[PDB]
Structures are given as structure tokens and as C-alpha cells.
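Protein chains in written order, with the numbering used here: chain A, 74 to 592; chain B, 74 to 592. Idealized CB from N, CA, C, for every residue including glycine. The structure appears below as C-alpha cells.
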Ligand SMILES: NC(=O)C1=CN([C@@H]2O[C@H](COP(=O)(O)OP(=O)(O)OC[C@H]3O[C@@H](n4cnc5c(N)ncnc54)[C@H](OP(=O)(O)O)[C@@H]3O)[C@@H](O)[C@H]2O)C=CC1
Ligand SMILES: NC(=O)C1=CN([C@@H]2O[C@H](COP(=O)(O)OP(=O)(O)OC[C@H]3O[C@@H](n4cnc5c(N)ncnc54)[C@H](OP(=O)(O)O)[C@@H]3O)[C@@H](O)[C@H]2O)C=CC1
Ligand SMILES: C#CCN(Cc1ccc2[nH]c(N)nc(=O)c2c1)c1ccc(C(=O)N[C@H](CCC(=O)O)C(=O)O)cc1
Ligand SMILES: C#CCN(Cc1ccc2[nH]c(N)nc(=O)c2c1)c1ccc(C(=O)N[C@H](CCC(=O)O)C(=O)O)cc1
Ligand SMILES: Nc1nc(=O)c2nc(CNc3ccc(C(=O)N[C@@H](CCC(=O)O)C(=O)O)cc3)cnc2[nH]1
Ligand SMILES: Nc1nc(=O)c2nc(CNc3ccc(C(=O)N[C@@H](CCC(=O)O)C(=O)O)cc3)cnc2[nH]1
Ligand SMILES: O=c1ccn([C@H]2C[C@H](O)[C@@H](COP(=O)(O)O)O2)c(=O)[nH]1
Ligand SMILES: O=c1ccn([C@H]2C[C@H](O)[C@@H](COP(=O)(O)O)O2)c(=O)[nH]1
């Protein structure tokens with residue numbers, strides 16, 4: 074045999090790869106990738122062959138690629154016996170015989186030309202596809218990468234990387250077809266002895282064997298199942314937690330009338346250095362998120378201000394009937410109480426109403442946090458809490474994102490840890506992830522650092538039963554690279570941030586998915 | 074070919090397997106295991122053969138095992154043509170030819186007899202060893218399982234299970250010898266395309282690719298490296314976190330004079346249904362742990378009481394010079410301040426000295442916790458906190474185990490979640506794990522539930538540089554099954570627990586490892 078892989082970089086939405094004989098963007102890392110991958114070979118005494126259309130050959134500047142051999146497909150171009158590292162062929166099929174000999178040629182790469190790509194696929198000449206997904210879709214394109222035939226399936230999807238604020242992925246598709254079902258769990262299949270034993274041990278003991286209490290998700294509820302050992306994109310941190318409760322979540326009632334399926338004690342990780350964790354498998358209402366955040370930062374608890382800026386997430390838990398219902402009927406229409414923010418800027422403060430001027434009262438954690446963060450970074454007490462046993466009863470809703478800790482890496486990056494007691498994976502989480510990601514970025518700009526990593530530890534991770542068809546729909550969408558989020562100016566004080574100060578570069582999510590909140 | 078596996082159950086320390094022709098214990102699950110494993114076959118038309126010494130044959134009661142074929146090795150016993158499911162052989166070697174034919178015989182199992190075991194190993198007839206480790210070592214034994222030859226290596230170690238309070242494991246050794254180094258990471262080796270790509274991608278980007286910031290532990294610092302895909306025992310949750318910081322921990326200074334190597338945002342899981350998470354790779358001072366816990370429960374803050382019961386963990390952070398040093402020189406010799414416990418039983422209480430009678434002051438979280446736990450189990454607010462922004466300055470030490478949440482499973486089990494801001498993996502963690510495990514058990518007995526699961530989320534997980542050789546020593550020890558911890562009586566009130574009320578059944582740890590605390 075002999076392998077044939079495609080290497081291409083196309084826009085995330087329309088698979089745009091070229092414009093007037095040029096790449097529609099310039100990302101050196103991707104060129105470096107192309108170089109690394111197409112040079113990568115086992116036999117020092119062999120070379121790899123890169124097949125390309127004549128037009129691409131013109132794009133390269135008709136000059137050979139080091140250590141490799143360029144194979145140009147063209148009807149006109151002369152079979153120049155001159156350069157040995159370059160050879161011409163009249164049709165794609167003929168060139169492919171690199172297999173049929175030139176044992177000097179270890180591997181084959183179809184390097185480009187919408188035409189050459191399309192033909193390679195049509196004649197089923199390719200085994201693999203190395204696809205760099207570039208996140209910029211509103212620019213001119215005149216060349217495209219054909220749709221990947223169904224005989225191909227994704228086996229790996231890298232995390233998102235940034236270059237000049239352009240987001241991008243790296244994922245490889247393999248043309249697998251053989252073999253039946255297969256187990257989605259990547260731990261199995263390593264050696265039958267283990268698999269068999271654990272299975273047997275699982276029959277003897279039942280729910281007694283903890284493993285049986287944490288069953289790996291079934292294919293039908295596992296996002297992009299084919300990527301079994303390469304679920305690198307951090308959106309799988311969420312998608313999997315989703316299918317993980319969908320698999321083990323215990324059906325249970327709660328204070329609202331809508332029951333949920335839940336599991337206890339979970340975690341998700343998110344990089345923030347190369348991208349912003351704004352879920353792509355569903356359009357997320359980032360503005361509302363933001364406006365809720367500064368609201369907290371300000372120490373505001375007047376739910377009208379959010380409504381005024383057309384942000385209604387706190388309407389439900391803020392209505393007259395809800396307050397009445399929870400023994401706060403004395404409270405004004407939207408005075409949510411000593412909730413987040415009040416506890417952030419006025420911890421332990423004696424709350425009256427959302428109208429009083431609490432300036433000076435309580436403990437300003439946010440202030441101290443920022444101060445400690447920049448004056449004693451290696452400090453191990455960079456903590457922010459909203460769980461006040463004394464204030465709970467006055468809150469419209471007990472703090473869900475209970476406590477967060479901050480860490481300053483040796484290389485001056487700011488990471489964040491958040492412990493959430495209760496998490497609505499359907500509505501909450503998406504917001505929650507973005508929110509604390511932003512807060513970290515703000516804290517970072519203000520303290521002179523850059524975003525590091527975001528880790529969230531969940532207590533009661535649940536899915537409201539009325540979100541089942543919706544989240545199933547969402548789990549059917551393959552993740553796209555995360556976008557980038559940047560501040561347009563350096564604020565002096567953390568509370569000066571405004572919506573206009575934010576830039577969401579390259580966000581191309583799937584259509585929004587409607588889901589109803591449980592009051 | 075044809076496989077030959079040993080199936081045996083021996084005591085954890087001396088490999089005791091028999092006493093006066095009887096098993097020195099009775100665990101039905103293990104017999105059920107033996108049955109499952111020795112019956113487990115691919116070809117419906119074949120049977121498995123179980124080889125055993127005559128004495129064991131007498132132990133079985135000289136009656137065949139269903140669906141299988143018993144092969145008795147004996148010099149005297151008649152070659153009875155009678156029972157077809159039982160056949161006799163004069164020597165071990167001869168019997169092994171089950172391979173050499175009887176294609177009706179799919180697999181071979183060496184089922185016992187210290188003598189038969191010893192010979193099977195000595196003549197290198199066995200491929201695998203299924204070893205059930207039983208945790209009871211102070212009983213008479215007259216038969217033993219020989220030491221496993223070095224050609225054998227452990228590839229799997231189950232979680233710990235209980236039966237009549239006896240703890241036990243299930244681990245399988247495979248006689249692997251071939252192949253060089255091999256990567257410890259179980260994610261690699263699944264398919265070169267992925268591995269290669271990630272490696273290359275890792276060269277292009279550096280610390281930029283998050284993965285490179287979370288490098289998998291190197292073999293030399295990985296506990297029992299051979300178990301690559303079977304690290305089921307939950308003590309690996311700790312051992313690995315250990316080697317994980319040892320691999321990526323950033324060297325950094327802190328308030329004490331001893332620097333540490335740390336990583337941010339980690340987690341560990343522990344089952345509590347079938348065993349008690351008391352590390353075995355090092356003898357752990359469980360009594361001190363306990364005495365510190367009720368101390369907290371009581372709401373006590375007088376560090377003398379611990380010293381009085383010969384518990385000195387809080388001496389350091391309690392001395393006159395330490396208090397002076399942290400601006401609490403006005404405080405009495407061991408009045409630690411509104412620390413854990415005071416915040417547990419008197420949250421937000423106005424602290425004076427360890428002598429005042431705080432009865433009635435503050436918020437009794439522990440009390441409410443217990444009440445909420447039993448009156449509204451599915452409740453999602455079962456929280457306990459020690460992080461009081463207002464009290465911090467009066468504490469000898471800021472709360473390390475910051476906040477914990479509790480969950481009551483549908484099957485009435487009580488699980489626990491703990492967020493720890495700072496964790497000394499060398500000294501703290503071991504204590505920390507046991508401590509919160511016990512607290513959960515107590516809360517459970519008192520609320521009418523049984524222990525579920527314990528999950529710990531770490532913020533600054535670090536290793537003090539002066540614990541390096543010690544933890545290296547510890548990482549060289551292969552885990553033994555966790556013990557069992559039971560209460561000898563049902564207390565009426567949670568604070569009535571006494572050391573005498575506890576039973577640590579089957580704890581056989583490795584020798585204690587001395588490590589010094591950083592003040
Ligand atoms: N984003 C990415 O990863 C990549 C992007 N690109 C972009 O794509 C564009 C170039 O591709 P595209 O316009 O399709 O041109 P291609 O590079 O495929 O080249 C087309 C030429 O190849 C020869 N050819 C193609 N098919 C045949 C055939 N069946 N028989 C004989 N000769 C054949 C012809 O040359 P002749 O006329 O001389 O006979 C044809 O004009 C550029 O904009 C380039 O930047 C290119 C590679 C990768
Ligand atoms: N914990 C566990 O997993 C297990 C525990 N056990 C325990 O071990 C004890 C039994 O084992 P142990 O005392 O060694 O006895 P074994 O079961 O090995 O049986 C010994 C007998 O096997 C025959 N035999 C052994 N070697 C040879 C040989 N080289 N050539 C010919 N015949 C041979 C002899 O019988 P003959 O005299 O008739 O010639 C010998 O007396 C019991 O207490 C039993 O409960 C047993 C299996 C498993
Ligand atoms: C987390 C958090 C903060 N919060 C506050 C908040 C208050 C009470 C709660 N109650 C329950 N049961 N679950 C929650 O997630 C929840 C969240 C949120 C509340 C609603 C939505 C929501 O419906 N979001 C959009 C719809 C509105 C929009 O488009 O802006 C969505 O459907 O995704 C998001 C966040
Ligand atoms: C966690 C926690 C509570 N604590 C309180 C406490 C207070 C200050 C701290 N300071 C630092 N830097 N690290 C700590 O782990 C730490 C822990 C502990 C303190 C010491 C030991 C300790 O030395 N344990 C034994 C020795 C004593 C014994 O045998 O009883 C050991 O060496 O394992 C354990 C727990
Ligand atoms: N993922 C991907 N990215 C690409 O840029 C790419 N480019 C083409 C075609 N042509 C281009 C043109 C020039 C170079 C080039 O100069 N490559 C050199 C230098 C790379 C570097 O180190 O920057 C090489 O060594 O391959 C690469 C691709 C086809 N498939 C691709 N596929
Ligand atoms: N791990 C292990 N446990 C054992 O008990 C064991 N026992 C022997 C030898 N003999 C004994 C004697 C009787 C039975 C027995 O009756 N087995 C039946 C019933 C098992 C059940 O369902 O309880 C079988 O089906 O194998 C098992 C082992 C050898 N290796 C072992 N190895
Ligand atoms: O940042 C947030 C704000 C609150 N909620 C949701 C989680 C729960 O669905 C609900 C609180 O439920 P109870 O704890 O009151 O039962 O609020 C979130 O998920 N994240
Ligand atoms: O239950 C406990 C008691 C405290 N410590 C340790 C962790 C840190 O090593 C030290 C506090 O360090 P700083 O946060 O003060 O830097 O106390 C624990 O690990 N666990």
C-alpha cells in the first residue's frame with residue numbers, strides 16, 4: 074500500500090480556501106503545520122510527494138519545497154527533466170502510482186487546488202484529510218474545498234488557536250468504513266483481560282462498583298462519536314458533561330415544578346489563552362451575559378437596570394409573585410436582595426433596599442481581590458465568595474456560582490476556579506462559562522495580566538426534563554472553533570467596562586436553540 | 074497457542090490462601106468472581122479447563138464445576154473414566170497439553186494449591202494471574218501463594234470492595250516482557266495520525282497549546298507504571314495528582330520559607346460505599362485527624378484541647394511567636410481565632426477569645442445542614458462554608474478547606490463535594506481526604522443515610538520542595554486495598570462521637586513517611 078492524505082485550510086462555514094490565487098488569510102502557524110505534516114516521514118532515505126494543481130504551483134512561486142517532491146498536475150506544463158524535486162503529470166490518476174513504485178516516496182499528500190481536491194475525493198484516491206478550519210467567513214472567496222464525503226469521519230479536533238485574532242482548528246478525518254458498533258469509551262479496547270474483568274466484576278457487584286455509577290455515554294447521546302481519542306476542543310468539556318448526565322442523571326424533583334436528571338460533582342476546563350469559551354453548538358446571548366456581569370461588578374441588585382438594558386434573565390426570580398411566594402412580598406418589584414454583587418462589593422453589609430447607598434458598607438472583596446492580585450500574585454488566598462449564611466434568606470435566589478479563586482501563573486497569566494453548587498446545563502452553564510471567562514479577562518487587564526485557564530467544579534449538575542429534545546438537537550452539532558473576545562480599550566477601573574468595549578471576533582455558531590427557564 | 078491464567082485469592086500482606094484445607098475467609102463475591110472468570114469463554118462449543126492439586130479437589134468436595142472441566146493433578150487418584158468433566162493427571166506438565174489438543178478446551182486456568190501454583194510459575198506455564206487481595210492478615214494460614222515472578226507486571230487494580238467489613242481488591246498481572254519504553258499516557262497509541270499531529274502541533278505552538286501545560290507524568294514519577302489502562306483503585310486519584318504536579322508544578326515561593334511546585338485547579342474522587350479512603354502507601358495518623366474533626370464539629374477553637382489529647386497539628390500555626398508574627402500577639406498561646414468550627418457553628422459571630430461562651434451567637438450552619446439534609450434531601454443548597462471575608466484577619470490561618478456541599482442520592486446515599494483553595498499534597502491532602510470522608514459518614518449516620526462519594530476540587534495544589542524525596546519514596550509503593558471504617562454505635566447527636574466509637578478494619582499500610590510542615 075501507501076498513504077494519501079489531503080492537507081487543506083478552509084473557512085469554517087463555506088470551506089473557502091482561495092481568492093485570486095492567494096490564501097484568503099495569513100497564519101504562519103498553519104503554514105508551519107502544513108510543513109511539519111507534509112515532511113513528517115519514518116524513512117530518512119525516502120521523501121514525501123506533494124501533489125498539486127498547476128495554479129497552486131504558480132501560487133507557491135514555482136519553486137520546490139525542501140526535502141519533499143512536488144508533483145504538478147497540468148496538461149500544458151513541460152515534463153522538465155531539470156529539477157528532480159519537481160515532476161509533471163498529465164492527469165491526477167497517473168501521478169498516483171507514486172505508490173506503484175518510487176519506493177523512495179514514503180507518503181503522498183494531495184496539497185491543493187479546488188479541482189485537484191475535488192478529483193482526489195471523487196476517484197476515492199484519498200485516505201485521510203488534514204483540515205485546518207479558519208474562522209473568518211465574510212471575505213471574498215473564489216476557490217473552495219469540496220464537502221467531505223460520508224465515507225470520511227472525524228477522529229480528532231484540536232483546541233482553538235489564535236493568530237492576529239483569527240481563530241482556527243486542526244482536525245483530521247479518516248476514511249473509516251469497516252467494523253460494526255465499537256465502544257465509545259476510550260478506556261476499553263486496550264486489552265481484553267481488563268475489559269472482561271471489569272465487565273464481570275460489574276455483574277457481580279452492581280451499583281456497588283463505583284464505575285457502574287459513572288457509565289460512559291452511549292453513542293446516541295455522545296457528540297461527534299467518531300472522535301474517540303481526539304476530543305481536544307474544549308467545547309467537549311461541556312458537550313460531554315451534557316451527555317454524561319444524560320447517561321447517569323437520576324430523575325429527581327426540586328423547588329420548581331420541572332424535574333431534572335442530575336449527577337453530583339463534575340468539572341470542566343477551558344483555555345482562555347488562545348480563545349474565548351463561547352459555545353458554538355448554539356448561538357449564545359453574550360450581550361445579556363456581559364450586562365449581567367458589570368451589573369454584579371458594580372454591586373448592583375436592582376433588577377430593573379437589567380430589564381432597562383433589555384436583559385431579562387432575572388425577571389422570573391424577580392417578579393412580585395415570586396417574591397411573595399418566597400416570603401419577600403414586602404420587597405419592591407425587582408429588588409432581588411443581597412445577591413451576587415452586593416456580596417461582591419458589600420460582603421456582610423446590612424441590606425435595606427436596592428435604593429439605599431451602600432457605599433462604604435460591607436467588605437469590598439472585588440476591590441481587595443484586584444489589590445491582592447497585583448500586589449501579591451503568588452498569594453494563595455485570591456478568593457471571592459457569595460455564600461453568606463446570614464444573607465441567604467433575603468436573597469431572591471441563593472448564589473449558584475458560590476465561590477471562585479484566582480491564580481497568577483509564573484508567566485503572568487490569570488487563571489480562575491469556580492465552584493458552582495447547582496448548574497442548569499441547558500440554560501445556566503453556557504452563560505456561566507462565558508461570564509466567568511470574561512470576568513477573568515477583565516480582572517486580568519486591570520491587574521496587568523492575560524487570561525490563563527478557567528476551571529469549573531459543579532455540585533448538582535442537572536438537565537431540566539423540558540430541555541431534553543433541545544439538548545439532543547444541540548448534541549447533534551459538531552463544534553466549530555471558539556471565537557476570540559477582546560477589549561477595545563484599557564479601562565482604568567474595572568467597573569468602567571461597557572458593551573462597546575468588547576469585540577467578538579470570528580463567532581460562527583449554529584442557530585440559537587430555544588429553552589425555557591424554571592422559576 | 075492457548076492461554077493459561079492463574080486465579081487466586083490471598084491475604085494482602087503474606088499471600089495467605091489456605092488454612093486446614095479451607096479458605097481462610099468467606100466472600101461470596103470472590104467465589105462469584107472465580108466462577109465468572111473461569112467460565113468466561115468465546116466459543117459456545119468449547120469448555121474451559123481448571124487445573125488443581127488433589128488437596129484442592131478435596132476442598133471442592135470432589136464434585137465437578139458446572140460447564141467446566143476439572144483437571145486434578147495427583148500421583149494416587151485413579152484415572153476415572155467415569156466423570157467426563159473430571160480427569161486426572163500424574164504431573165502438572167503432562168496435564169498442560171490441553172493446549173496440545175482438546176481444541177474443545179478454549180482456555181486454561183491454574184485453580185489452586187500452593188504446590189500447583191508454585192510449580193505452574195516455576196515452569197513458566199502461566200500467562201496471567203487473577204489475584205484477589207483479601208485484607209485480613211492476623212489469622213492463621215498454612216498455605217500460601219508464591220511471590221509473583223518479575224516477568225509479571227500488574228495491568229489492572231480494581232477499586233476496593235467490602236463484604237462483612239473485609240476489604241479486598243481484584244488485580245490482574247500479565248507476563249509482559251517484550252517492547253521497549255512505551256508512553257504512560259493512555260490517550261496515545263490509539264492511532265498514529267492523532268499522536269503525530271498533536272506532537273507536531275505541540276512543536277509549532279508551545280506553552281500556547283494547553284496540552285503542553287498539562288503534560289502527562291513521566292514513568293519515573295508515575296506510580297505502578299504498568300497499570301496503564303486499569304488504574305481503578307481510587308488511591309491513584311491521589312498518587313497521580315502527586316505525580317501530575319511533580320511533572321508540571323511551577324516552582325514558586327509563598328508565605329513560609331519553603332518553596333513549592335504547584336499547579337492550579339485539580340480534583341480527586343473517592344468511593345465511600347465499599348471502603349474508606351485512608352491512603353495505604355503511607356501509614357496515616359487517623360486518630361489525630363478524628364480528634365481535629367469533632368473539635369471542629371464542637372465549634373472549638375482552643376488549640377490546647379488538641380494538644381491535651383496529644384494532637385499537635387495546630388501547634389505551629391498556634392504558637393506565641395507565630396501569632397506575634399501575624400499581628401495577633403495579643404492572642405493567648407493557642408487561641409486560634411474564628412477558624413473552622415467557629416465558622417461552622419457560629420458563622421459571623423463576634424469573636425472575643427477561645428474562652429467566651431458563644432452559645433447562641435452566629436449562624437449554626439452545621440445544625441441547619443443536618444436539618445436540611447434530612448428534611449429536604451433533594452435540596453440543592455446543602456452547603457457549609459468557612460470563608461468569611463470579615464473574620465479572615467482574626468484567624469491564625471485562613472480556611473484551606475473553604476467550602477463543601479452535600480448531596481443525597483436517590484438511593485439514600487450521602488455524597489460530599491469540597492473545594493480546597495490551597496492543598497499541601499504531602500501533609501495536608503492525606504488528612505484532608507480522610508477528614509471529610511469521616512465527616513460525611515457522621516453526617517450520614519445522624520441523618521439516616523449511608524456514605525456515597527467524596528469529590529475534592531483543589532485550587533493551588535502544591536508539593537513543598539522538602540517533601541520531594543519522601544513523596545518519591547511514597548510513589549514507589551504499590552497501593553493496597555483501602556480499609557473499612559465503621560462506627561460502633563449510633564450517636565444521637567453528631568457531637569457525641571468519640572474516638573472509641575470508630576473501627577478501622579483491615580488497614581495494612583506501608584511504613585509511615587516523615588515529612589515536616591511549613592509554618
Ligand atoms: N487553503 C488551502 O489550503 C489551499 C488554497 N489554495 C488556493 O486555491 C486556488 C488554486 O486552486 P484552483 O483554482 O482549483 O486551481 P488548482 O491549483 O487545482 O489548479 C488547477 C489546474 O491544475 C491542472 N489540472 C486540474 N485538473 C486537471 C485535470 N483533470 N487534468 C489535467 N490537468 C488538470 C490545470 O492546469 P493546466 O491548465 O495548466 O492544464 C488546472 O488549470 C488558489 O487561490 C490557491 O491559493 C490551494 C491549495 C490549498
Ligand atoms: N485462596 C485461594 O485462592 C485458594 C486456596 N486454596 C487452599 O490451599 C490449600 C490446598 O493447597 P495445598 O495444600 O498446596 O494442596 P494443593 O491443592 O496443591 O494439592 C496438593 C496435591 O496435588 C498433587 N500434586 C501436587 N504436585 C504434584 C506433582 N508435582 N506431581 C504429582 N502430583 C502433585 C498431590 O496429590 P497426591 O498426594 O494425591 O499425589 C498433592 O498432595 C487448601 O487450604 C485450600 O483451601 C486452594 C486454591 C485456591
Ligand atoms: C447562568 C446564569 C444567569 N441566569 C440567572 C438564573 C436565575 C434563575 C435560574 N433558575 C433555574 N432553574 N435555572 C437557571 O439557569 C437560572 C438562572 C440565567 C437565567 C436565564 C437564562 C436564559 O434563559 N438565557 C437565554 C434566554 C435569554 C437570552 O436570550 O438572553 C437562553 O435561553 O439561553 C440564562 C441565565
Ligand atoms: C490537612 C490538615 C490539618 N493540618 C493543619 C495545617 C496547618 C498549617 C499548614 N501549613 C502548611 N504549610 N501545610 C499544611 O498542610 C498545613 C496544615 C495539618 C497540619 C500538619 C499535619 C502533619 O504534620 N501530619 C502528620 C504528622 C503529625 C501526626 O503524625 O499526627 C504527617 O506528617 O503526616 C497534618 C495536618
Ligand atoms: N493547512 C494548510 N495550510 C496551507 O497553507 C496550505 N497551503 C497549500 C498550498 N500552498 C501553500 C503555499 C506555500 C506554502 C509554503 O511556503 N510552505 C513551506 C513553508 C512553510 C513555513 O515554514 O512557513 C513548507 O515548508 O511547506 C504552503 C502552502 C495547500 N494546503 C495547505 N493546507
Ligand atoms: N479468587 C479466588 N477465589 C476463590 O475462592 C478460589 N477458590 C479456589 C478453589 N476452590 C474453591 C472451592 C469452591 C468454589 C466453588 O464452589 N465455585 C463455584 C461456585 C461459585 C459461586 O457462585 O459461589 C463456581 O461456580 O466456580 C470455588 C473455589 C481456587 N482459586 C480461587 N480464587
Ligand atoms: O450562574 C448561574 C445562576 C443560577 N443558576 C441556576 C442553577 C439552578 O438551576 C438554579 C438554582 O436552583 P436551586 O438551587 O434554587 O434549586 O439557578 C446557574 O446555573 N448558574
Ligand atoms: O486542611 C488543611 C489545613 C491547611 N492546609 C495547608 C495548605 C497550605 O500548604 C497551607 C496554607 O498556605 P497559604 O494559603 O497560607 O499560603 O495550609 C491543607 O492543605 N489542608
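Start-to-end residues for the beta strand (DSSP E) that takes in residue i
i, result
"residue 207 of chain A", "201 to 207"
"residue 528 of chain A", "523 to 537"
"residue 180 of chain A", "178 to 183"
"residue 82 of chain B", "77 to 84"
Check whether residue i and residue j have beta carbons under 8 Å apart
i, j, result
"residue 185 of chain B", "residue 125 of chain B", "yes"
"residue 437 of chain A", "residue 454 of chain A", "no"
"residue 370 of chain A", "residue 568 of chain A", "yes"
"residue 599 of chain B", "residue 478 of chain A", "For chain B, the structure presents residues 74 to 592; residue 599 of chain B sits outside this window and is missing."
"residue 177 of chain A", "residue 120 of chain A", "yes"
"residue 348 of chain A", "residue 233 of chain A", "yes"
Three-way DSSP call (helix, strand, coil) for residue i in this model
i, result
"residue 606 of chain B", "With chain B running from 74 to 592 in the structure shown, residue 606 of chain B is simply not present."
"residue 305 of chain B", "coil"
"residue 103 of chain B", "helix"
"residue 422 of chain B", "coil"
"residue 551 of chain B", "coil"
"residue 559 of chain A", "strand"
"residue 191 of chain A", "helix"
"residue 167 of chain A", "helix"
"residue 283 of chain B", "helix"
"residue 608 of chain B", "A query on residue 608 of chain B cannot be resolved here, the shown segment of chain B reaching from 74 to 592 and no further."
"residue 317 of chain B", "helix"
"residue 120 of chain A", "strand"
Supposed contact pair residue j and residue i - C-beta distance, whole angstroms, cut 8 Å
i, j, result
"residue 357 of chain B", "residue 507 of chain B", "6 Å"
"residue 461 of chain A", "residue 420 of chain A", "7 Å"
"residue 346 of chain A", "residue 525 of chain A", "7 Å"
"residue 385 of chain A", "residue 300 of chain A", "Wrong, their Cβ atoms sit about 37 Å apart, outside the cutoff."
Contact test: residue i Cβ vs ligand 6 heavy atom, cutoff 7 Å
i, result
"residue 80 of chain B", "yes"
Distance cut-off 7 Å: residue i Cβ against heavy atoms of ligand 3
i, result
"residue 579 of chain B", "no"
"residue 443 of chain A", "no"
"residue 268 of chain A", "no"
Residue i beta carbon near ligand 7 (any heavy atom closer than 7 Å)
i, result
"residue 501 of chain A", "yes"
Cβ-heavy atom distance, residue i to ligand 8, below 7 Å
i, result
"residue 471 of chain B", "yes"
Continuous alpha helix (DSSP H) stretch holding residue i: start and end
i, result
"residue 503 of chain B", "501 to 520"
"residue 269 of chain A", "265 to 277"
"residue 131 of chain B", "127 to 132"
"residue 359 of chain A", "359 to 371"
"residue 396 of chain B", "393 to 398"
"residue 444 of chain A", "438 to 448"
Near ligand 2: residue i beta-carbon under 7 Å from a heavy atom
i, result
"residue 201 of chain B", "no"
"residue 165 of chain B", "yes"
beta-carbon residue i near ligand 1 non-hydrogen atom, thresh 7 Å
i, result
"residue 283 of chain A", "no"
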